[PDB]
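For reference, the chain that follows is the form deposited in one PDB entry, supplied as structure tokens.
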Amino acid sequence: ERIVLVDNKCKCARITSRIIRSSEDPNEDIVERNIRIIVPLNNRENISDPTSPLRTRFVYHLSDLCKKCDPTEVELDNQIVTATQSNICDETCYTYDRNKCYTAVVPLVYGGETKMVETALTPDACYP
């Protein structure tokens, strides 16, 4: 019955909130705030850079995670108008995305050919 507030997939943070009915009285029901954050201990600071240093500090601004500037459509009396959902936005992130695929260009040398081939940083998402 819990709804998903954000389901951010490159900063692993699944914010859900449920109004769990703790009693028959509908006033003392507590509004839960489940924030499930999966912290990659082996991912680097720039995830598209293999040679980047390992990430030691993970900072999760939940005001930035809960941001919404996909403009929704509301229906007025004589018009359909795009509606901005937040005043915050008008970005670095720590985990790979399962839907996306990230690539890196590495120099491969056989003598002096120096062919700049590409490398699939994750293998499963590019070629399932």
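Here, rigid core means the biggest group of C-alpha atoms that superpose within 1.5 Å across both forms. Only residues modelled in both forms are compared. Numbers for residues come from their place in the sequence shown, where the first is 1.
Quick note: we don't show the form deposited in another entry, though the next part is all about it.
J.: After a core superposition, would you say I20 shifts its C-alpha by at least 2 Å between this form and the one not shown?
T.: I20 C-alpha, core-superposed: shift of 2 Å or more.
J.: Look at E45 and decide if its Cα position differs by 2 Å or more between this form and the one not shown after superposing on the rigid core.
T.: The answer is no; the displacement is under 2 Å.
J.: Just to spell it out: taking the C-alpha atom of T51 and the C-alpha atom of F58, is that distance smaller or larger in the other form than in the structure shown here, given it changes by 3 Å or more?
T.: Closer is correct, given that in the other form the C-alpha spacing of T51 to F58 is reduced by at least 3 Å.
J.: Closer or farther: the C-alpha atoms of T51 and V59 in the other form, versus the form shown, with a change of 3 angstroms or more?
T.: The answer is closer, because the C-alphas of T51 and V59 approach each other in the other form by 3 Å or more.
J.: Where does the protein shift between this form and the one not shown, taking runs of 3+ residues with every CA moved 2 Å or more once the core is matched?
T.: In sequence order, the runs that relocate between this form and the one not shown are 20-29, 48-53, 83-90, 110-113.
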